[PDB]
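>>> my sequence and its experimental structure, below.
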Amino acid sequence: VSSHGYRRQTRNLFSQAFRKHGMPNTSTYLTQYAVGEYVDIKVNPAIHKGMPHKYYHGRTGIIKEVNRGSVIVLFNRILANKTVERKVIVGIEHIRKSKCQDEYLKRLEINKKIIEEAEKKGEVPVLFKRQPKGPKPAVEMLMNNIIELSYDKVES
Amino acid sequence: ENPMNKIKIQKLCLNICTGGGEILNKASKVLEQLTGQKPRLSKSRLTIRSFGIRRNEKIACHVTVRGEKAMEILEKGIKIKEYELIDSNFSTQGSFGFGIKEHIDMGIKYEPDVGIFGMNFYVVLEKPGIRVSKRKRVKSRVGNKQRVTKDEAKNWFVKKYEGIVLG
Amino acid sequence: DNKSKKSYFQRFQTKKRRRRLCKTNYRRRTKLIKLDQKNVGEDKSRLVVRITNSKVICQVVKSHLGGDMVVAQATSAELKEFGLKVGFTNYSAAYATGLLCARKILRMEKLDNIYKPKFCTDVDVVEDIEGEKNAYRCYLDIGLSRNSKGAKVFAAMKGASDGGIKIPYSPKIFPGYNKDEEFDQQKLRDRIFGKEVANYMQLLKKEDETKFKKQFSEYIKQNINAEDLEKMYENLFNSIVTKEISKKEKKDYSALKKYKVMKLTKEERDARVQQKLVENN
RNA sequence: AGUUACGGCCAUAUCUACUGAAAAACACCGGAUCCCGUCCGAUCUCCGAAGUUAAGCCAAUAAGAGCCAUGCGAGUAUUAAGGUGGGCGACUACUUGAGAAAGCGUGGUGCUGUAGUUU
RNA sequence: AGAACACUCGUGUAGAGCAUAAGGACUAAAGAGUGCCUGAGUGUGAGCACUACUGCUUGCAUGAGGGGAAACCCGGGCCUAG
C-alpha cells in the first residue's frame, strides 16, 4: 500500500536535469512581477522554502497579490464533481513568466489602430480575425521534367 | 644566464614520532630549541592495537621552517649523513628526504632526563611564480617550464654541497 | 585514475565563466543584488572598490537585466592631475579616490551644493537634510578581499561618506576602535594624513641608511621628507573638492587592428596534413 | 582594434601537448616597522619598485579526446482508429492517420553589454 | 617502521560526508573546522495538502532582540515521518 506525505511519489519530478545542478541564475532574481500577469510554475529542487504542492507543477495561473519574495496565484480545480478556486503561495525562484498570451497581445495592438479609424471614416471595425487554413490552391504546371515511379525494389 | 629560472629552497619539514605520554612534551622542547618556533602536535588517523595507538591520540610533533634558518639546519644535517645519498631519496617532483637517529649530533647538550630521539628531514625545492597556484584570486596551474625535475634536484645538490649521489 | 576514461569528460559540468576565472562569488552577489518586489522604483547602487598592484579603482554600478551599468568611476592614477607624486596604492590614496568618486556623482545629480564635504572628524552616517532632496544611497561591495580591522577597502568607503554619499557602516573596522571604550579618532586622522609612513621613514634612517635608500628610492627622487606629508595631503584633499579634471577625448585607435592574428582556412589545413603524410611515408 | 574593472547567456567557452605576443595595462617580484593573521609574513594584511617576460591572463596550432549543429539511418522501430481479417496459441497481415532513437558521415570551436586606457 | 603510525608534493565532478528508513538536494557549500548568540522571541491575520485534529507556507505590528563591515538571514533540526 501507498502513503500520503506532502512529497509522495516525487522521485522523477523534483529532480535536476543532466548537467544542470546548482543554484538559480541572476535573471531569476532580477525579474519584476505585477498583479494580473500570467505566470507558470516550475519547481527548483534546490530551494526548500516557498515550494508549492506537486499538483501545481507545470500549471499556469494569474497573479492576485505580490509580496517581498513571494506571489499569490489563483487556480481552479475539480473536487467532488464541482469547480473550486484555490489560492497558492509560491516563492519567486519557482516561477517563470508565461508565453500563453503572446499572440493575442499582438492582435490587440493591430485592433487598437483600426478601432479609432472606425469612428472617423467607417462605423464598425474590420477587426482582423484569424481564419483556419482553407482548401488546396490551384496550380499551373509546365509539364517538362517528368519523373516515373515503379515497383522496381523487389524487397526480398 | 637568465634571471628568474633559478632554484631555491621553499620549505624544510621536520618531524618526530613518539606515541605515548610525557614523551611528547620532552620531544617538543627539542624542536623548540633547534628552531625558534612552537611545534604542532598531530593525532592518530586510525586505531591500531599492535602499534599501541588509539584513534585521535597524539603521536607526533612537526615544525616547518622557511628562509635563512632553513639553510643552517640543512647544512647541519647533511654533515651528519656525511654527504652521501642514494638515487632512491629523490622524487619525480623535485624534493628529497633523509633521516637521523640521534638528535645530539645537531649539537645540543644531553640532559639525561630528556632522552635521545631521531628526526626526519624533508626538503622542497622551487622556482619563482609558484604563487599563481596558491593565491585566492585568479588561481591557476603552473607551466611545465617552471617545475623542478628529478635531474635538476640532483644537479643542485651536487653543486651546492659537493656531495655524492650513489646509484 | 579519473582522467583515464572517456566518461569523465562526457559527464562533466563546468562552473560559470567568472567562477572558473576566480573573479566573482555568486552566493554573495545574489544576496547583494536581489530585487524587492514591493519596493518598485528602488534601484540599488553598489560601490565597488578594487585594488591592483598599481592603482585603486572606485566604480558606482547599477545591476540591470542583461548587464551591469557603470554610473561613475575614479582611479588613483588620475590624482596625478592634482600633483600626487607617490604611493598610488597607499592608505591615503584609497581615501582620496573614494572622495573623488563621491564628488563626481553628486555633481551629476546636482546634490553637490546641498551636501557639503567633511574631512574625517566623526564616525556617524550621513543624514538627510530636512526640506531638501534625499541623500544618494549606496552599499559596499568588497568582492573576494577579506574584511579585517584597517583594510584599505574601508578607507575608500570613509572617503565616499566624507564626500556626502550615504553608506551604512559600523566603526568596528577602523583603527582607533576599542572593545569597551569610546572611539579614539586621532588615530584614524593620523593614518588618513600619512603619519604611519612618516614614522617608518624616521625609524629606518636611525637603523640602516642603505636599507633606507632601497626602501624609499622613489620618495628621495621627489625630495619629499617625513615632515612634508601633512602639507602634501591637506593640499591634495582641498584640490579634489575645489577643482575639476578636464574631459577625455575620443580617438579611433582602429588602425592597431594590424596586430590581430587570423586563423587558417580549411583549404590550407588540408594541404598541410597532406604534406605531413608525404614527409613521413 | 585589443586589453583591463564590473557583468549577461553558462564547454562553439572544457581537458592535454606545443608556439607567439608593438604600446599601455595585468602580473610575477622586493621587504615586515606598524594594523591584521599563521607551527610557518607560504596564505591573509600592510609598506614598496631593484629586476623579468620565464609563468599566469590573452591569442594561434593539432586527419587531437570531449562538446554544438546538420545530413543520413528511415517512412525503418513503435503507435490511434476500424472489419463476421488470419492464427490452437504465442502473436501478426491489411485500410485511414501520427512518427523515433543509437551508430555513422560532414562542418564548427564562444558570442555580446556598460565604462576606463593604449596609435 | 612492517600490508597498516606521522609529515609532504602532484592529480582528483564527489568515486566522500550529511546522527537515525528510503528517495531527492548540496562544492570558494548545506560537508569539515573556528568565533559569537539563545529567534527552540512576543501580539494578531491569511492560506496549501480530498483538510476536522495535525504539519508546513506566508502578512502586518512591536522587543533598554541576535549574528554580520554591510546588503541579507533567524518565531527549532537541508526537504518529505516521530
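Perfect, thanks for sending it. Residues are numbered from 1 along each chain as shown, chains lettered A, B, ... in the order given.
>>> so who does residue B:65 touch?
B:11, B:12, B:14, B:35, B:37, B:73 (C-beta atoms under 8 Å, 6 or more residues apart in numbering or on different chains). Where you see a C-beta, it was placed from the backbone N, CA and C, and this is true even at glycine.
>>> ok, these vs RNA strand E, which is closest?
Checking these against RNA strand E by C-beta to the nearest atom of the strand gives residue B:11 as the nearest, at 6.6 Å.
>>> strands of chain C, residue ranges please.
Assignment of strands within chain C using DSSP state E yields the ranges C:45-51, C:56-64, C:67-75, C:139-141.
>>> redo the ones you listed as JSON lines? Include distance to RNA strand D and mean neighbour count.
Formatted as JSON lines, the strands of chain C follow (distance: least, C-beta to the nearest atom of the strand, whole Å; neighbours: other C-beta atoms under 10 Å in any protein chain shown):
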{"stretch": "strand C:45-51", "distance to RNA strand D": "5", "mean neighbour count": "20"}
{"stretch": "strand C:56-64", "distance to RNA strand D": "5", "mean neighbour count": "19"}
{"stretch": "strand C:67-75", "distance to RNA strand D": "3", "mean neighbour count": "15"}
{"stretch": "strand C:139-141", "distance to RNA strand D": "7", "mean neighbour count": "16"}
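>>> as JSON lines, those with distance to chain B would be great.
Shown next, in JSON lines, are those (distance: least, C-beta to the nearest C-beta, whole Å):
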{"stretch": "strand C:45-51", "distance to chain B": "10"}
{"stretch": "strand C:56-64", "distance to chain B": "14"}
{"stretch": "strand C:67-75", "distance to chain B": "19"}
{"stretch": "strand C:139-141", "distance to chain B": "15"}
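>>> what's the closest of the ones you listed to chain A?
Closest to chain A of those is strand C:56-64 (C-beta to the nearest C-beta; 6.9 Å).
>>> relative to residue C:152, how far out is the residue nearest to residue C:57 when sequence neighbours are not counted?
Spatially, and ignoring its direct neighbours in sequence, residue C:57 is nearest to residue C:50 (4.9 Å; C-beta to C-beta, 6 or more residues apart in numbering or on different chains). Residue C:50 is 11 Å from residue C:152, where distance means C-beta to C-beta, to the nearest Å.
>>> give me the common contacts of the two.
residue C:56.
>>> residues from chain A in reach of RNA strand D?
Residues of chain A lying close to RNA strand D by C-beta under 7 Å from any atom of the strand are A:19, A:25, A:26, A:27.
>>> count of neighbours near the last one?
By the criterion of other C-beta atoms under 10 Å in any protein chain shown, residue A:27 has 10 neighbours.
>>> distance to residue B:68 added to the strands of chain C, as TSV?
TSV is the format used below for those (distance: least, C-beta to C-beta, whole Å):
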stretch	distance to residue B:68
strand C:45-51	31
strand C:56-64	34
strand C:67-75	39
strand C:139-141	41
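>>> neighbours of residue B:101, just the number please.
Residue B:101 is flanked by 10 other residues according to other C-beta under 10 Å.
>>> thinking again about what came up before, I would like a ChimeraX command selecting only the buried ones among the contacts of residue B:65, please.
If you want just the buried ones from those in ChimeraX, going by 16 or more other C-beta atoms under 10 Å in any protein chain shown, the selection is:
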select /B:12,14,35,73
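>>> and the contacts of residue B:65 near RNA strand D, which?
Among the contacts of residue B:65, RNA strand D is touched by B:11, B:37 when using C-beta under 7 Å from any atom of the strand.
>>> hang on, isn't residue C:166 packed against residue C:137?
Yes: between residue C:166 and residue C:137 there is a contact at 5.1 Å, judged by C-beta atoms under 8 Å.
>>> show me which of the residues of chain A next to RNA strand D neighbour chain C.
Among the residues of chain A next to RNA strand D, proximity to chain C is found for A:19, A:26, A:27 (C-beta under 8 Å from any C-beta of the partner chain).
>>> looking at those, which are in helices?
When DSSP state H defines the helices, the subset of those inside them is A:26, A:27.
>>> hey, where'd the helices end up in chain B?
B:23-34, B:68-80, B:150-161.
>>> tabulate the ones next to chain C among the residues of chain A next to RNA strand D (TSV), appending distance to residue A:4.
Output for those, formatted as TSV (distance: C-beta to C-beta, whole Å):
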residue	distance to residue A:4
A:19	34
A:26	38
A:27	37
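>>> and which of the contacts of residue B:65 is nearest to RNA strand D?
Set against RNA strand D, the nearest of the contacts of residue B:65 by C-beta to the nearest atom of the strand is residue B:37 (3.5 Å).
>>> state which helix of chain C is the longest.
Across chain C, the longest stretch assigned as helix under DSSP H is helix C:91-109.
>>> does RNA strand E have contacts with that helix?
No: Helix C:91-109 stays clear of RNA strand E (C-beta under 7 Å from any atom of the strand), getting no nearer than 14.0 Å.
>>> ok, stretch C:26-42 next?
Yes: judged by C-beta under 7 Å from any atom of the strand, stretch C:26-42 comes into contact with RNA strand E at C:26, C:27, C:28, C:31, C:32, C:34, C:36, C:38.
>>> how about that stretch: buried residues?
By 16+ other C-beta under 10 Å, the buried positions in stretch C:26-42 come out as C:26, C:29, C:30, C:33, C:34, C:35, C:37.
>>> the closest residue to the third one other than its chain neighbours is in what secondary structure piece?
With C-beta to C-beta, 6+ apart as the measure, residue A:29 is the residue that lies nearest to residue C:30, at 6.1 Å, once sequence neighbours are left out. Element membership for residue A:29 (DSSP states H and E) is helix A:26-30.
>>> okay, now the sheet partners of the very next helix or strand once past that helix, with direction.
The helix or strand immediately downstream of helix A:26-30 is strand A:38-41, counting by DSSP H and E. Here strand A:38-41 is paired, per DSSP bridges, with strand A:60-66 (antiparallel), strand A:95-97 (antiparallel).
>>> for residue C:273, which of the strands of chain C is the nearest?
strand C:67-75 (41.9 Å; C-beta to C-beta).
>>> OK, contacts around residue 26?
In the absence of a named chain, chain A is used. Each residue near residue A:26 by C-beta under 8 Å, 6+ apart is listed here: C:29, C:30, C:33, C:63.
>>> that's the wrong chain, I meant chain B
When contacts are counted by C-beta under 8 Å, 6+ apart, residue B:26 touches B:114, B:115.
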